[PDB]
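# need the 3D shape of this:
(3 chains, ligands or ions: 12)
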Amino acid sequence: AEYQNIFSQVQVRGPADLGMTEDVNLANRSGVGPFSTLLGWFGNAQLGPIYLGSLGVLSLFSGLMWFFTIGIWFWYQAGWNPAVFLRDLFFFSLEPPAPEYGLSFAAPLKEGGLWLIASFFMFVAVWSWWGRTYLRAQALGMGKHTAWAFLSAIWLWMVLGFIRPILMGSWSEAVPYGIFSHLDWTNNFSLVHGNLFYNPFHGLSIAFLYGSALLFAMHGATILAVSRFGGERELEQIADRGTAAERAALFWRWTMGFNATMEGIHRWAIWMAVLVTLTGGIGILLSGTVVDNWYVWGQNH
Amino acid sequence: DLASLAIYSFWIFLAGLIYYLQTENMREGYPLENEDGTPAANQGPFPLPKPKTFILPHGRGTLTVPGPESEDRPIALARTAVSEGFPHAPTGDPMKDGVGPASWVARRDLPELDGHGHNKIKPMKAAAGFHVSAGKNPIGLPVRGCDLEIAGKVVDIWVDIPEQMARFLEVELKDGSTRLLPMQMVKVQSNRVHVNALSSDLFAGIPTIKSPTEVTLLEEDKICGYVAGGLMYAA
Amino acid sequence: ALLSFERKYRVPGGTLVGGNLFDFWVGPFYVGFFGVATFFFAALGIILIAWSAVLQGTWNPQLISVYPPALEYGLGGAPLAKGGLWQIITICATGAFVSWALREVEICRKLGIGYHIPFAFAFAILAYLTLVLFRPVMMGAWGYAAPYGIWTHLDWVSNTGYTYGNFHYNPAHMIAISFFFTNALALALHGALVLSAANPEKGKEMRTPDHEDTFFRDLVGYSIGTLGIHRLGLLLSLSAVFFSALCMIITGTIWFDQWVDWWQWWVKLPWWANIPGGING
Ligand code: BCL
Ligand code: BCL
Ligand code: BCL
Ligand code: BCL
Ligand SMILES: CC[C@H]1c2cc3[nH]c4c(c3C)C(=O)[C@H](C(=O)OC)c4c3nc(cc4[nH]c(cc(n2)[C@@H]1C)c(C(C)=O)c4C)[C@@H](C)[C@@H]3CCC(=O)OC/C=C(\C)CCC[C@@H](C)CCC[C@@H](C)CCCC(C)C
Ligand SMILES: CC[C@H]1c2cc3[nH]c4c(c3C)C(=O)[C@H](C(=O)OC)c4c3nc(cc4[nH]c(cc(n2)[C@@H]1C)c(C(C)=O)c4C)[C@@H](C)[C@@H]3CCC(=O)OC/C=C(\C)CCC[C@@H](C)CCC[C@@H](C)CCCC(C)C
Ligand SMILES: COC(C)(C)C(=O)C/C=C(\C)CC/C=C(\C)CC/C=C(\C)CCCC/C(C)=C/CC[C@H](C)CC/C=C(\C)CCC=C(C)C
Ligand SMILES: CCCCCCCCCCCC[N+](C)(C)[O-]
Ligand SMILES: CCCCCCCCCCCC[N+](C)(C)[O-]
Ligand SMILES: CCCCCCCCCCCC[N+](C)(C)[O-]
Ligand SMILES: CCCCCCCCCCCC[N+](C)(C)[O-]
Ligand SMILES: [Fe+3]
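Numbering: from 1, shown residues only, chains lettered A, B, ... in the order given. Ligands and ions are numbered 1, 2, ... in the order given. Below is the structure in question.
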């Protein structure tokens, strides 16, 4: 066997790395966690440190609250019985208020109230996590790419749980918290709108989702193929093109007639991915607010 | 109808984006050239983008791309045919001349630096706190080439400090000098390190580095180039 | 016709078949024996499709469509106009893809790189062959296979899913989707990380990989690192396709009832099957 570089043959360890400092408030970093030899066959062995300032704590706590709020309900649904809770874990579901209660906060706790509570906690968890995305980049003086990108995922999520429910006039439109039930909701959403395969946004969204797998397969494989010339050192290949970046470009140029740069491929990447949820959120938002039936709309348009 | 506006607008956006992305990917290698180095007539339908400048850290300078392009090296190849699009035959030894799958680029003759400003890659002997943490330690193993002859012995691992990974094995030859082999081009086995790209007699021709505790980008390119070239040029 | 750095790489050698016979380029494209194989298979196949277009009676790509033999030819041939056209086109597509891969190998050898790309491609080819070859055969007919047209192949996906109820419940299909979504998460993160380092706040210096590690350790308390992330993207995305093929090869063969009902093995386990309460008692 020629060697492939999917798993490291030899791991190597030195002093825990505590990171760059730049404008980060160091008072808010933990200390290093342990080292995972397991991870280190494939990636870095070092866990932590993590940074937990105020926004960090806020986010993490509501996040758990959202999670426990669903879990208390799940236990309730299980009549507090350990064996039943496990047996039925994928079946339990925390459902939103019925259509009757509109967008109001009136519904009883056991029939929507809890759902609104968990959702509220989910809202603060995510938006605060978003800000943490921006702030951790700022402290290091980095571009805001990650937060811009995360915004695209947040878009689909907002549309499903918040914007589209509001525009439709009730919370009953939103996705329930449960493994099997959120799947049922997805299938049902499509049937009731005359089949999402007729939503042109839906099919763009798939093109990108398939495309992200295609692209990352291409890229990942390309980098590993030129890792015998230091290919994965991408920032330095951007600053000072090496033979890695040249062989990479030329593989593709010879294969398919055009190619990328070591910087540009990352622009193709971020956009392939981000467009999955962009077009996606658009498709969902338009459903039932403007277009009641994709098949039908397809026949006119 | 809104959904119609949105979809139509979207195709227009996407065409804008593909354009932007394609021109972004033209910041290197362009303008296209004829086999002789002059500008090709046909550049295709995308224009070069407006230059951008990267500010390199540690007073290493800037980079402006696209910019005037240049191999900054002689290329020992000649045409094998009378028209565009055929192979160019090595005029000498392609391993020594660095062409074909033995190519290297004229990268900066300084070493890559970490974010602290220290050399990125060091031999482990000189790297404070660094030791093999898992897997068979190759240090001390005989090194065998694709001729099944022993070409030397592993005398250290050169490691990447910030990313904590092995990047080269340092190998000592019959004559007592050493060479770097890329970590990705060896197989560590229980009783030897095997190198399928080179036969024993080609080890001496691995490009040497000038300091024994650092490697420059230019020296990395020559080493990796030379070793990868053995896949074609050794048998 | 050459990138500014290209000429030094354009040397003889690498080819798997033909020695120097097709060792050359056309514009940017490398040719090789397998470039020739690809053109031939693809040309024939497009021809057969344009032919198959007239026998059906359009020149509209939104309508052009080509079906397997009907269910009753089993695994035998069929009049061109009733599914032989499809059988041959499929043979063409296979020959085109496998050819494209083998040409990718030839380019690898010339460039002194590793074989990861065509290896990765070979997963996609295997997914395809699962839909049109392996599944049909295990199932006894060409007619179970996906057909070729832009909107009609969606019809098939839908009819195929709904044959087993909500296909969501196929558990290999669940693992597959999980890889798809995860791969896109990782692609967004990767692209954004590298870009954020190479294009920092206005006026600042390019950041470094250590900045990239630091950003992630700060954010979630772990960073897989730059070798790791390319390993990851490759693994996520090949794993998605692996499970995709898996989820379909087991469907209509070892399982053919409503997928939702598969999950009963879990709930029907002795130690809890009969306890009352919850959803299933
Ligand atoms: C997109 C259309 C539907 C939808 C359609 C589907 C379909 C179809 C499938 C899933 C599947 C999943 N979906 Mg869903 N999903 C939707 C929106 C969501 C949202 C959300 C907040 O909007 C969440 C949290 C999830 C969560 C999930 C997971 C249970 C699962 C794997 C997701 C993943 O890999 O993500 C990114 C991956 C990561 C590793 C990052 C996140 C890590 C973990 C795993 C997230 C799980 C959170 C959850 C609280 C854990 C369960 C707790 C119990 C103790 C098990 N879906 C929308 C409404 N989803 C698949 C599945 O297996 O379902 C059973 C599946 O087949
Ligand atoms: C994979 C699981 C299902 C499937 C389910 C779906 C679903 C569901 C959807 C599609 C959609 C698409 N699928 Mg399909 N599709 C299947 C198998 C295939 C095969 C195949 C040869 O196996 C092909 C070529 C296609 C091609 C297509 C495209 C028409 C479209 C966008 C795909 C994409 O962007 O991918 C990622 C790849 C890239 C971005 C690279 C570019 C790929 C280009 C666009 C392919 C064009 C092919 C051309 C139209 C037809 C042949 C060309 C000539 C005859 C040579 N599908 C199987 C049967 N496919 C979406 C659509 O919009 O349908 C109308 C959609 O919603
Ligand atoms: C029978 C079911 C219907 C159908 C109904 C739907 C519905 C309904 C929807 C989709 C959507 C999509 N469908 Mg469809 N889908 C069908 C058939 C298909 C087929 C196919 C081969 O047939 C494919 C390939 C797809 C593919 C897809 C995706 C391209 C797209 C969602 C993208 C995504 O990344 O969401 C996953 C990403 C998210 C959900 C973003 C989540 C972001 C938040 C912020 C994360 C919060 C995490 C939370 C805090 C938990 C943290 C826990 C951690 C451990 C810390 N569908 C059929 C026709 N599909 C979605 C879409 O966009 O449609 C246009 C959608 O809403
Ligand atoms: C109503 C529909 C059912 C359903 C029924 C099915 C069925 C049926 C199938 C899937 C399959 C899939 N479904 Mg499902 N699916 C549903 C809901 C979903 C949802 C969702 C959010 O609801 C999601 C995200 C998914 C996602 C998925 C994936 C796991 C998988 C598709 C990818 C794939 O196989 O690629 C693999 C990639 C390929 C097959 C493409 C290969 C490309 C070839 C090698 C080369 C192309 C060259 C080409 C001709 C272009 C050349 C021209 C150039 C452009 C110049 N399904 C609902 C419940 N799903 C499919 C699957 O698993 O397939 C194995 C499948 O058959
Ligand atoms: C644009 C396309 C893709 C995308 C992009 C994307 N997602 C992102 C980002 C970006 C760019 C981020 O920057 C952000 C991030 O930080 O990534 C690491 C993120 C993120 N995407 C996430 C998930 C996610 N993304 C998804 C999808 C996608 N994200 C799209 C495919 C999905 C899908 C497909 O369904 C999921 C589930 C998170 C990992 C993170 C946002 C995190 C967040 O908001 O968290 C709030 C904090 C908490 C919830 C803490 C609570 C923890 C509990 C839920 C318990 C844990 C459960 C258990 C497994 C552990 C044990 C617990 C015990 C104590 C009981
Ligand atoms: C395995 C993980 C992912 C993957 C990887 C992957 N794909 C790849 C590669 C890799 C690593 C390449 O190296 C190769 C490439 O060159 O990419 C640019 C490729 C490729 N993947 C492509 C497409 C593709 N990949 C897809 C998916 C995936 N590819 C997976 C998600 C999809 C999906 C999801 O649907 C598509 C559509 C091409 C861009 C390219 C292969 C090009 C090729 O083989 O060229 C030779 C053939 C032709 C030029 C034309 C042949 C046509 C005739 C035989 C007739 C048409 C046949 C018929 C099937 C048409 C069907 C119509 C549909 C509407 C159903
Ligand atoms: C072991 O037991 C304990 C008790 C420890 C546990 O805690 C176990 C815990 C569990 C078993 C929890 C299991 C959790 C799940 C299964 C969660 C599954 C969730 C999903 C699959 C989510 C799918 C999609 C969710 C979406 C789309 C959410 C969108 C949310 C909205 C965007 C937020 C909207 C906010 C609202 C409606 C309120 C706003 C009000 C204002 C005033 C602003
Ligand atoms: C002083 C001890 C502090 C230890 C802190 C270590 C944080 C570990 C968190 C790792 C999990 C991140 N994740 C899930 C994305 O991989
Ligand atoms: C940034 C990457 C660009 C690649 C985009 C490829 C688009 C594929 C076209 C799918 C057709 C969609 N639709 C809705 C008309 O059916
Ligand atoms: C969506 C499929 C699009 C196929 C893209 C293939 C384009 C390759 C063009 C390379 C040649 C350019 N040219 C004519 C200047 O040489
Ligand atoms: C998914 C979209 C695929 C991108 C197609 C864009 C084609 C780019 C062709 C231009 C390159 C030709 N060149 C090298 C002369 O510039
Ligand atoms: Fe990369």
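# quick check: residues of chain A near ligand 10?
Applying C-beta under 6 Å from any ligand atom, we find that chain A lies next to ligand 10 at A:257-258. Bear in mind the C-beta positions are built from the backbone N, C-alpha and C, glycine included.
# so which residues of chain A form strands?
A:11-13 (DSSP state E).
# please parse it into its domains.
A:1-143, A:144-301 (curated CATH domains).
# pick the most buried one from those domains.
Per residue and on average, the most neighbours among the domains of chain A fall to domain A:144-301, with a mean of 21 (mean count of other C-beta atoms under 10 Å in any protein chain shown).
# distance between the ends of that one?
38 Å (C-alpha to C-alpha, to the nearest Å).
# what's the closest non-adjacent residue to residue 88?
This is for chain A. residue C:278 (3.8 Å; C-beta to C-beta, 6 or more residues apart in numbering or on different chains).
# right idea, wrong chain: chain B
The nearest residue in space to residue B:88 (C-beta to C-beta, 6+ apart) is residue B:77, at 3.9 Å.
# I'd like the distance between the residue positioned nearest the centre of chain A and ligand 8.
In chain A, the C-alpha nearest the mean C-alpha coordinate belongs to residue A:153, at 5.8 Å (C-alpha atoms, centre = their mean). Noted for residue A:153: a distance of 16 Å to ligand 8, by C-beta to the nearest ligand atom, to the nearest Å.
# so who does the residue nearest to residue B:88 touch?
Applying C-beta atoms under 8 Å, 6 or more residues apart in numbering or on different chains, one finds that residue B:77 lies in contact with B:88-91, B:99, C:7-8, C:10-11.
# and what of residue B:214?
B:111, B:119, B:121-122.
# whichever of the contacts of residue B:77 end up buried, select them in ChimeraX.
Buried subset of the contacts of residue B:77, written as a ChimeraX selection, criterion 16 or more other C-beta atoms under 10 Å in any protein chain shown:
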select /B:88,89,90,99 /C:7,8,10,11
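# what comes up buried for the lengthiest helix in chain B?
If you go by DSSP state H, chain B has its longest helix at helix B:2-24. Counting neighbours by 16+ other C-beta under 10 Å, one finds that the buried residues in helix B:2-24 are B:3, B:6-7, B:10, B:21-24.
# ok so, going back, residue C:188 is in contact with the residue nearest to the centre of chain A, correct?
Yes: counting by C-beta atoms under 8 Å, residue C:188 is a contact partner of residue A:153 at 7.3 Å.
# how about whichever residue of the stretch 101-250 of chain A sits closest to ligand 11, nearest residue that isn't a chain neighbour?
For the stretch 101-250 of chain A, the residue closest to ligand 11 is residue A:211, as judged by C-beta to the nearest ligand atom, at 7.2 Å. Nearest residue to residue A:211 in three dimensions, chain neighbours excluded: residue A:272, at 5.0 Å (C-beta to C-beta, 6+ apart).
# just checking, the one you found touches residue A:217?
No: between residue A:272 and residue A:217 there is no contact under C-beta under 8 Å: 11.5 Å.
# the longest helix of chain B vs ligand 11: in contact?
Yes: residues of helix B:2-24 are located near ligand 11 by C-beta under 6 Å from any ligand atom, namely B:18, B:22.
# and the domains of chain A: which comes nearest ligand 1?
Here domain A:144-301 is closest among these (C-beta to the nearest ligand atom), at 4.5 Å.
# who's in contact with residue A:75?
Counting by C-beta under 8 Å, 6+ apart, residue A:75 has contacts residue A:85.
# which part of chain C gets nearest to ligand 9, residue-wise?
residue C:150 (7.7 Å).
# residue C:247 and ligand 8, how far apart?
Taken as C-beta to the nearest ligand atom, the span from residue C:247 to ligand 8 is 27 Å.
# in which helix or strand would I find that residue?
helix C:226-249 (DSSP states H and E).
# now the helix or strand that that helix is followed by: how far from the chain's centre is it?
In the C-terminal direction, the helix or strand that comes right after helix C:226-249 (DSSP H and E) is helix C:259-262. Offset of helix C:259-262 from its chain centre (C-alpha atoms, centre = their mean, to the nearest Å): 26 Å.
# and stretch C:31-47, by the same measure?
Put simply, stretch C:31-47 sits 20 Å off its chain's centre (C-alpha atoms, centre = their mean).
# cool, and stretch C:197-211?
The answer for stretch C:197-211 is 35 Å, by C-alpha atoms, centre = their mean.
# cool, stretch A:209-229 as well?
20 Å.
# anything in it near ligand 6?
Yes: for stretch A:209-229, a contact with ligand 6 is found by C-beta under 6 Å from any ligand atom, at A:210, A:213-214, A:217-218, A:221.
# hang on, residue C:91 is in a strand, isn't it?
No: under DSSP: H, G, I helix; E, B strand; the rest coil, residue C:91 falls outside any strand and is assigned helix.
# how much space between it and chain A?
Residue C:91 sits 23 Å away from chain A, going by C-beta to the nearest C-beta, to the nearest Å.
# ok so, going back, filter the contacts of residue B:214 down to the buried ones, ChimeraX style.
Typed into ChimeraX, the line below selects the buried ones among the contacts of residue B:214, using 16+ other C-beta under 10 Å:
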select /B:111,119,121,122
